[PDB]
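The structure under discussion appears below in the form of structure tokens.
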Amino acid sequence: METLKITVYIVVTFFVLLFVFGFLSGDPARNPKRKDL
Amino acid sequence: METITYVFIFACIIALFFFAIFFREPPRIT
Amino acid sequence: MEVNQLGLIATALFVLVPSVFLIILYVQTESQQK
Amino acid sequence: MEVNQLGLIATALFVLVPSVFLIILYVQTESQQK
Amino acid sequence: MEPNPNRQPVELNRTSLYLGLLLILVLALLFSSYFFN
Amino acid sequence: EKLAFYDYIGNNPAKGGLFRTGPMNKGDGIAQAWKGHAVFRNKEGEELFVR
Amino acid sequence: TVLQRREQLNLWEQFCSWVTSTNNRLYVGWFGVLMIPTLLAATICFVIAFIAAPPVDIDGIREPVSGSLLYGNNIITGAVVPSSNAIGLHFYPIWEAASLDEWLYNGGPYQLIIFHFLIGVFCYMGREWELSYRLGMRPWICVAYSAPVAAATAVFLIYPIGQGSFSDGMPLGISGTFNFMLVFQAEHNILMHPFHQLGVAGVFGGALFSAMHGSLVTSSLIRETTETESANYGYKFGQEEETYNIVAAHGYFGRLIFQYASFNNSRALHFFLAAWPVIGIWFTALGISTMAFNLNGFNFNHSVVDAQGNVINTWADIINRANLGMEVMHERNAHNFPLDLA
Amino acid sequence: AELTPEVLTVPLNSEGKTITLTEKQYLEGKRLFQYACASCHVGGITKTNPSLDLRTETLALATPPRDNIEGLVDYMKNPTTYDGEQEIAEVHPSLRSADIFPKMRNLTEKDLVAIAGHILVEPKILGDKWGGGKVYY
Amino acid sequence: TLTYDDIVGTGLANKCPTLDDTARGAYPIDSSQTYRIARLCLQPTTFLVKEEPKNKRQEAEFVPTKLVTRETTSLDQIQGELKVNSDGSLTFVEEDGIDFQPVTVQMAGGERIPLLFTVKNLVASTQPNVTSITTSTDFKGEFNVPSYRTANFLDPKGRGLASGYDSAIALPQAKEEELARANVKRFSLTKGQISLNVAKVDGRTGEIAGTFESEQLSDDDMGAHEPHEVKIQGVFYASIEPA
Amino acid sequence: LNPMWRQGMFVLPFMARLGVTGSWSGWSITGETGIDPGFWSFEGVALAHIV
Amino acid sequence: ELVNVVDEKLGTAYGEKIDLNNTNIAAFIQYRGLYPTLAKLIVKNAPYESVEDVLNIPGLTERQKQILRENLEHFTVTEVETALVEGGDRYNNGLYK
Ligand code: CLA
Ligand code: CLA
Ligand code: CLA
Ligand code: CLA
Ligand SMILES: CC(C)=CCC/C(C)=C/CC/C(C)=C/CC/C(C)=C/CC/C(C)=C/CC/C(C)=C/CC/C(C)=C/CC/C(C)=C/CC/C(C)=C/CC1=CC(=O)C(C)=C(C)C1=O
Ligand SMILES: CCCCCCCCCCCCCCCC(=O)OC[C@H](CO[C@@H]1O[C@H](CS(=O)(=O)O)[C@@H](O)[C@H](O)[C@H]1O)OC(=O)CCCCCCCCCCCCCCC
Ligand SMILES: CCCCCCCCCCCCCCCC(=O)OC[C@H](COP(=O)(O)OC[C@@H](O)CO)OC(=O)CCCCCCCCCCCCCCC
Ligand code: HEC
Ligand SMILES: CCCCCCCCCCCCO[C@@H]1O[C@H](CO)[C@@H](O[C@H]2O[C@H](CO)[C@@H](O)[C@H](O)[C@H]2O)[C@H](O)[C@H]1O
Ligand SMILES: CCCCCCCCCCCCO[C@@H]1O[C@H](CO)[C@@H](O[C@H]2O[C@H](CO)[C@@H](O)[C@H](O)[C@H]2O)[C@H](O)[C@H]1O
Ligand SMILES: CCCCCCCS[C@@H]1O[C@H](CO)[C@@H](O)[C@H](O)[C@H]1O
Ligand SMILES: CCCCCCCS[C@@H]1O[C@H](CO)[C@@H](O)[C@H](O)[C@H]1O
Ligand code: OEX
Ligand SMILES: [Ca+2]
Ligand SMILES: [Cl-]
Ligand SMILES: [Cl-]
């Protein structure tokens with residue numbers, strides 16, 4: 001159960017970090033019109 | 001036999017989802 | 001569980017007969033001259 | 001008579017599945033251009 | 001996608017339909033007694 | 001009892017039928033217990049054996 | 001270490017470009033990065049539990065309720081059963097149980113499913129915003145979808161929180177849904193609550209307006225086909241011209257009622273089609289979410305009294321008799337004291 | 001049906017003397033009963049002890065008898081258990097414990113008489129519904 | 001030393017107090033003075049259930065089980081008279097306490113066995129001539145095992161003993177004799193047995209601790225099916241005081 | 001007296017032949033209780049084949 | 001055969017009077033002077049071989065004994081029924097209004 005807990009914690013942290021750094025990576029500029037936001 | 005029947009129908013529905021999305025008639029502008 | 005003994009064939013034919021009707025119509029549409 | 005309770009659906013699908021296969025194939029042959 | 005050159009049309013003429021339905025129905029008439037047992 | 005149960009023709013695989021479907025338990029039943037070894041004797045007390 | 005950071009940085013940018021690509025068959029996006037694993041986890045656990053989970057002690061009284069198909073249910077009676085009342089609002093992941101057998105007895109699957117499901121649909125809502133931004137659309141489809149999201153959140157999260165137990169969240173099943181509705185009426189008189197009445201106007205009206213709009217556009221399609229063709233072939237995907245005569249449609253509807261009851265402005269009309277059901281569902285979601293804190297439907301029990309002081313019953317009092325029947329019977333082994341206070 | 005002087009005539013004491021309440025008295029008693037008592041005694045039951053109700057037949061068998069104005073007024077000053085053996089002002093609102101049950105403060109003799117009259121009149125109007133609980137709703 | 005907030009959520013609240021390894025003393029008994037057990041605690045560590053074989057001659061064994069109702073199993077705050085008998089033996093007479101817990105354990109293969117783990121109305125006695133309680137003192141006794149559900153409990157079709165329907169109302173014209181065992185609820189009352197093996201004694205404080213083994217029947221679902229035989233092993237703690 | 005071959009089991013003996021003998025529910029085909037098969041129980045084998 | 005023991009008890013004096021060995025304590029409210037003081041003493045000191053044994057409860061006052069004698073006509077005794085006395089049901093049997 002301990003191994004499963006640590007595994008899930010890592011898995012969740014992984015996806016949440018992708019989400020956060022993803023939206024930090026100049027997301028306003030990812031659109032078809034004014035890409036200089 | 002009942003459980004098999006319910007799960008069979010469900011599984012056919014999931015398969016249908018797959019074909020309806022990935023093997024749809026492609027929308028085409030003419 | 002003591003289910004109706006005809007429930008299985010009722011459900012199978014309910015699925016099979018109209019599905020087959022549609023499949024017949026679809027395939028013979030695809031095979032028509034395009 | 002105390003017959004096998006799956007005998008009915010076994011016989012029904014034995015007839016229907018290959019018969020439907022043949023009907024699908026026949027009808028889509030007829031609908032091909034002549 | 002570019003079309004697959006190996007496709008071929010399939011046919012079942014009417015006589016073959018009748019022959020096949022006869023085979024299936026007679027096989028059913030034969031084996032059904034054993035399915036009911 | 002496991003050894004006695006092997007010495008019983010209902011577990012012989014050459015006793016079935018092509019359309020006798022399902023588990024062996026559907027035929028003779030679900031085996032519960034060995035009844036014990038039957039010894040037959042006549043009125044003179046000679047031991048007799050069933051063919 | 002030197003330019004290696006730039007080989008890592010462009011690789012990150014390639015990943016960002018793929019995640020946010022307008023050319024994936026299914027849009028991924030940053031919301032999709034959270035949505036995809038949580039919906040898959042919830043779906044997989046739900047399917048396995050619906051087929052095979054053993055009975056669950058929903059009300060914490062060692063009285064396990066069977067929800068799965070293999071344990072004697074059909075499609076209509078089956079459910080994934082809410083977690084035990086002994087757990088209450090405590091967080092009960094797999095690793096808090098001594099065993100999977102314990103986790104199953106106590107309704108662990110329910111919590112795993114609803115929490116992943118709710119993350120998933122909140123991210124599905126964010127994803128609807130995100131793709132509209134990538135496509136150069138206006139942004140508010142996600143606002144319409146916030147109505148079903150609010151409603152799901154009310155029955156799986158807000159109501160359990162107010163009542164102090166996920167054992168009172170809506171079960172994941174067809175008959176379990178009806179059980180939730182009946183007990184809700186007994187304990188909150190939701191039928192007499194104006195937010196549920198708005199909900200009904202929202203869905204009755206949405207269905208009415210769907211049929212109305214559908215019939216009026218269909219009624220005024222321009223002839224582009226013969227009688228042996230489906231009229232649907234008279235429209236070609238992406239054509240510039242409108243496919244029906246909205247002047248004809250308005251001329252019909254304006255005479256059906258009167259001229260000024262009919263929309264001639266297609267944008268006003270389609271805003272109305274959006275707003276009516278969406279607002280109705282917002283209010284009914286708020287109904288569940290505020291009856292979660294026991295501000296309940298109107299209570300006119302014994303409101304009408306004659307000159308001597310005898311109660312003169314109204315239809316509200318007959319409703320009360322039905323509510324009492326459900327109240328006294330529900331969870332027949334769970335109450336030891338005279339008031340059902342949650 | 002009407003709220004008549006006969007309906008409003010209730011036993012004053014255990015010796016058979018009656019009193020005829022005014023319609024104003026009854027309505028004040030009903031208002032005061034809601035103000036200080038209905039949180040536990042709505043409809044003549046007792047939420048924190050459902051074994052004891054406010055039916056006249058029950059009050060008649062209490063010790064001392066509570067099926068009359070003076071008995072009920074005495075109860076609101078110095079409540080006892082059903083057998084009269086223990087004084088329960090520490091856990092039941094009364095004039096004696098108005099310091100800890102502040103809604104009893106400023107209640108006059110007339111107020112207690114009105115509350116008592118309401119309790120005796122209400123079953124004459126409602127019958128078994130008074131003290132009946134949800135079965136009778 | 002520990003407070004509720006130190007303990008809450010840890011599982012320690014389901015554990016009985018323990019004694020140090022140094023507690024191997026002797027608690028003197030004065031035959032002229034009366035005694036009581038001020039607190040008896042029983043913490044089960046193993047639930048075994050006797051298998052029910054098909055062969056009526058294969059000796060059945062107690063097999064291990066999985067607890068599925070979490071850390072809700074211990075008996076505690078039990079008190080009663082500790083009598084000094086003519087022969088110097090002691091007899092504990094249980095008077096009150098949290099002396100039962102419903103418990104569900106699961107056999108291999110999934111079968112759930114609910115039981116009312118209990119020492120209700122325990123009377124347990126030592127050997128004679130117990131002039132002091134030592135790590136050689138033992139208690140043996142019997143207790144009552146009442147029905148796992150009490151008389152108001154209603155089955156899923158609303159049938160019960162002191163309440164509920166008395167028939168299968170969803171089968172209005174079915175024959176009733178075949179459903180009698182499900183329709184007519186019965187209230188079980190059986191006997192259990194327990195042994196307490198004292199392993200530690202604090203002679204100064206009157207505290208003792210050790211292991212127990214108890215045997216009793218499981219839930220019979222108000223007569224609907226045969227109960228199973230259960231063996232419970234665990235640890236115990238007791239504080240003795242003059243009364 | 002009720003082993004797999006009396007019960008019409010066809011793939012169970014093939015899993016057992018190569019060392020899969022326990023269920024996640026705690027039993028083993030040799031009659032043990034409280035065994036831990038790890039992932040590779042009969043159920044884990046079945047799941048692996050579905051995936 | 002199989003018998004519901006509570007329904008059976010309704011055919012005895014338990015169904016007609018307050019059974020000092022079985023009836024739930026709220027029934028003592030039916031008569032003057034019995035609840036709660038005597039009712040508690042009666043339930044605690046049960047069972048009784050005959051109704052008159054209720055007069056021998058240790059510690060009764062002289063007035064309490066007089067009150068009990070006045071109410072013996074409303075009492076009965078039958079054999080203790082486990083289903084009615086387990087669960088603390090004589091003190092709270094799950095019935096309110
Ligand atoms: C190698 C193949 C194989 C074998 C040896 C087994 C063996 C077994 N199966 Mg499994 N099974 C299999 C494949 C197999 N199965 C497949 C592919 C499926 C999916 C359909 C199943 C689904 C299945 C189920 C649901 C069950 C079994 C059960 C069993 C047991 C009973 C078998 C029985 O009664 O058969 C009966 C065999 C027959 C009646 C023979 C049929 C002969 C056909 C009809 C002849 C057709 C002739 C044809 C039409 C001629 C055309 C002529 C034309 C060319 C001119 C036995 C251990 C049973 C069991 O006990 O489970 C615990 C059981 O309930 N099996
Ligand atoms: C998007 C991926 C994702 C997310 C968000 C979750 C979320 C959850 N999982 Mg699931 N899971 C996933 C994928 C995910 N899972 C996958 C791929 C698997 C298969 C390996 C699982 C297998 C699994 C199991 C078997 C179980 C869970 C459980 C849970 C719940 C507890 C998790 C926890 O304690 O984390 C620990 C918390 C952290 C690690 C926090 C670190 C993250 C950052 C630093 C902080 C985030 C929180 C904060 C509010 C910031 C939010 C930012 C926001 C703007 C995005 C939670 C609902 C449990 C459950 O459902 O309980 C009922 C459970 O038993 N998961
Ligand atoms: C003729 C039958 C009839 C009528 C007139 C109504 C009418 C109503 N129902 Mg009921 N209902 C019915 C049958 C009917 N119902 C049946 C058979 C069932 C199932 C048994 C229900 C179940 C039901 C539920 C559960 C609820 C209602 C509710 C309502 C109210 C809102 C309905 C709504 O928005 O629909 C959608 C229709 C529209 C959005 C179009 C507008 C409709 C309005 C009412 C017409 C206005 C006319 C106007 C005042 C006239 C002026 C003329 C002008 C030219 C001067 C409305 C009073 C709700 C309620 O009670 O709220 C208080 C509610 O919660 N209905
Ligand atoms: C004619 C009578 C009538 C009518 C018209 C209604 C109508 C309604 N009731 Mg009321 N009710 C009634 C009688 C009625 N009721 C009676 C008699 C009782 C007492 C027995 C009740 C007690 C009651 C309760 C307790 C509740 C309702 C609620 C509702 C609303 C339910 C629909 C909804 O919330 O959509 C909103 C949309 C959703 C809930 C969908 C969420 C979708 C999520 C986000 C995604 C799901 C994806 C899915 C899993 C997979 C999709 C497929 C896949 C292939 C992609 C609707 C307004 C519910 C409500 O107000 O909820 C807020 C509610 O909780 N009613
Ligand atoms: C025997 C005797 C005496 C006989 C005499 C008979 C006689 C001659 C009488 C004449 C005198 C006379 C008429 C007297 C009248 C008496 C009288 C008042 C009777 C009462 C009748 C009455 C109350 C009727 C009520 C009708 C009623 C409630 C109407 C409400 C209308 C209503 C709620 C409308 C909803 C408003 C709204 C915005 C709806 C939009 C819905 C929708 C989706 C539209 C979609 C849509 C709209 C478009 O617009 C176009 C374009 C397209 C594309 C499209 O999608
Ligand atoms: C017991 C648990 C077991 C679970 C195990 C699950 C693990 C799966 C691993 C295998 C993955 C392969 C599958 C790919 C299928 C696919 O979508 O391709 C379709 C395209 C093709 O990929 C495209 O592929 C192209 C290259 S090529 O086609 O591969 O050559 C490439 O050009 C393009 O960028 C790329 O997008 O992929 C995409 O459009 C982008 C990713 C799609 C995101 C998937 C969404 C899943 C949501 C689930 C929500 C709940 C579902 C329940 C509802 C019933
Ligand atoms: C698990 C799911 C499995 C699903 C399987 C579904 C499909 C299986 C069924 C296939 C059936 C095929 C039948 C084809 C039938 C058919 O097409 O025949 C005619 C066919 C003629 O073929 P030709 O080469 O002339 O091509 C014409 C084309 O149009 C055919 O596609 O010959 C054959 O197919 C050879 C086999 C002949 C068999 C003939 C037997 C007829 C005799 C009647 C016997 C009964 C009476 C006996 C009296 C005693
Ligand atoms: C809840 C907190 C209560 C409020 C507020 C009031 N009463 Fe009460 N009442 C309550 C209890 C628990 C009991 C039973 C006490 C016991 O142990 O005997 C009672 C009893 C009475 C009675 C006696 C009823 C009988 O049949 O003998 C009377 C007459 C009574 N209560 C009147 C009363 C009035 C007038 C109140 C408002 C001023 C009132 N009660 C408040 C609980 C509570
Ligand atoms: C729980 C986690 C907490 C994290 C807290 C973060 C604190 C702030 C640290 C910011 C780190 C992210 O730093 C951010 O990364 C991405 C990729 O590397 C950079 O680069 C991004 O922006 C540029 C400019 O729009 C885009 O052209 C480019 O496509 C994109 O990759 C951002 O310009 C930088 O600002
Ligand atoms: C439960 C029982 C289920 C049994 C199901 C059996 C399904 C069998 C499916 C048969 C599929 C036939 O596949 C079909 O072949 C025909 C030719 O034969 C193709 O048709 C193609 O050839 C023809 C003839 O030259 C052209 O006129 C046509 O324009 C061209 O598309 C179809 O594009 C294809 O859809
Ligand atoms: C994809 C695998 C699905 C897991 C199947 C359910 C868990 S495993 C399942 O549990 C049952 C009850 O304990 C047992 O009776 C049975 O023998 C066992 O196979
Ligand atoms: C698809 C879900 C996969 C779940 C994985 C659970 C691993 S479980 C783990 O596995 C080991 C290897 O078999 C065993 O030795 C060990 O005893 C067991 O606990
Ligand atoms: O859990 Mn489901 O239900 Ca909400 O109230 Mn209280 O708790 Mn139970 O009773 Mn009524
Ligand atoms: Ca020892
Ligand atoms: Cl319920
Ligand atoms: Cl309660």
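Here is the naming used below: chain letters follow the sequence lines, and residue numbers restart at 1 for every chain.
Between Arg39(I) and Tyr237(I), some side-chain heavy-atom pair lies under the 4.5 Å cut-off. Here the side chains of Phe62(I) and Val230(I) are not in contact, with every heavy-atom distance at 4.5 Å or above. You'll find the side chain of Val49(I) stays beyond 4.5 Å of the side chain of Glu229(I), heavy atoms only. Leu48(I) places none of its side-chain heavy atoms less than 4.5 Å from the side chain of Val63(I). Counting heavy atoms from C-beta outward, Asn121(I) and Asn144(I) have side chains that approach closer than 4.5 Å. Counting heavy atoms from C-beta on, the side chains of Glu63(G) and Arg149(I) come closer than 4.5 Å. Using a 4.5 Å heavy-atom cutoff, the side chains of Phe92(I) and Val123(I) are not in contact. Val56(G) places none of its side-chain heavy atoms less than 4.5 Å from the side chain of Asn106(G).
The backbone N or O of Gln79(I) sits nowhere less than 3.5 Å from a side-chain atom of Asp96(I) that would complete a donor-acceptor pair. The backbone N or O of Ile87(G) sits nowhere less than 3.5 Å from a side-chain atom of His90(G) that would complete a donor-acceptor pair. Not a single donor-acceptor pair under 3.5 Å links the side chain of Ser74(I) to the backbone N or O of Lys15(I). The closest donor-acceptor contact from the side chain of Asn45(K) to the backbone of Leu41(K) lies under 3.5 Å. At distances below 3.5 Å, at least one donor-acceptor pair connects side-chain atoms of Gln127(I) with backbone N or O atoms of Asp138(I). Of the possible donor and acceptor atoms, none in the side chain of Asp202(I) sits under 3.5 Å from a partner among the backbone N and O of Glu207(I). Remark: side-chain polar atoms of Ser132(I) are not paired, donor with acceptor, to backbone N or O of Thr134(I) under 3.5 angstrom. A donor-acceptor contact shorter than 3.5 Å links the side chain of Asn333(G) to the backbone of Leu154(I). No donor-acceptor pair under 3.5 Å is formed between the side chain of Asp101(G) and the backbone N or O of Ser25(J). In terms of modelled atom types and a separation under 3.5 Å, the side chain of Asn85(I) and the main chain of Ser89(I) share a donor-acceptor contact.
Residues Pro44(I) and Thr73(I) come closest through the heavy atom pair CG-OG1, 3.5 Å. Heavy atoms only, all atoms of each residue included: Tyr165(I) and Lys157(I) are closest at CD1-O, 3.3 Å. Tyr14(K) and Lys9(K) make their closest contact through CB-O, 3.5 Å (heavy atoms, listed as atom of the first residue, atom of the second, distance). A pairwise comparison of heavy atoms in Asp155(I) and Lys185(I) identifies OD2-NZ, 2.8 Å as the closest pair. Heavy atoms only, all atoms of each residue included: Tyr71(G) and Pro55(G) are closest at CD2-CD, 3.7 Å. Shortest non-hydrogen contact noted between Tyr27(I) and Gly203(I) is CD1-O, 3.4 Å.
Salt-bridge annotation for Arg186(I) and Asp220(I): absent, with no side-chain N of the basic residue lying under 4.0 Å from a carboxylate O of the acidic one. Looking at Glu51(I) and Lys231(I), no side-chain N of the basic residue comes within less than 4.0 Å of a carboxylate O on the acidic one, giving no salt bridge. A salt bridge is defined here as a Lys NZ or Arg NE, NH1 or NH2 lying under 4.0 Å from an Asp or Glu carboxylate O, and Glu102(G) with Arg70(I) meets this definition. Salt bridge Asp166(I)/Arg159(I): absent, no basic N to carboxylate O contact under 4.0 Å.
By the disulfide bond (SG atoms under 2.5 Å apart) test, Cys45(G) pairs with no residue at all, sequence neighbours left out. Partners of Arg90(K) according to the salt bridge (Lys or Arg N to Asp or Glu O under 4.0 Å) rule, which considers only residues two or more places apart in sequence or in another chain, do not exist here.
Counting non-hydrogen atoms of neighbouring residues, nucleotides and ligands closer than 6.0 angstrom, the NZ atom of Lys120(I) exceeds 12 such neighbours. Heavy atoms from other residues, nucleotides or ligands lying under 6.0 Å from NZ of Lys40(K) number 12 at most. Heavy atoms from other residues, nucleotides or ligands lying under 6.0 Å from CD of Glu95(I) number more than 12.
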Checking side-chain contact (heavy atoms from CB on, under 4.5 Å) for the pair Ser41(J)/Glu43(J): CA distance, chi angles, key distance, verdict? CA-CA 5 Å; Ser41(J) 72; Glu43(J) 302 84 13; 2.7 Å; yes
Start with the C-alpha gap between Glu215(I) and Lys140(I), add the side-chain angles, then the distance that decides, and say whether salt bridge (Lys or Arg N to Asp or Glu O under 4.0 Å) holds. CA-CA 12 Å; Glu215(I) 300 212 34; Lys140(I) 304 209 184 316; over 6 Å; no
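Ring geometry, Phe212(I) versus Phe117(I): the interplanar angle falls under 30°, so the pair is classed parallel (tilted spans 30 to 60°).
When each of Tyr110(G), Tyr92(G), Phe166(G) is checked for a ring pair (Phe, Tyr, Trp, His ring centres under 6.0 Å) with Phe115(G), only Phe166(G) meets the rule. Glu142(I) pairs in a side chain to side chain donor-acceptor pair (under 3.5 Å) with only one of the listed residues (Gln216(I), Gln193(I), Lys191(I)), which is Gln193(I). Considering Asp20(I), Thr135(I), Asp21(I) as possible partners of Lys200(I), the one that fulfils the side chain to side chain donor-acceptor pair (under 3.5 Å) test is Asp21(I).
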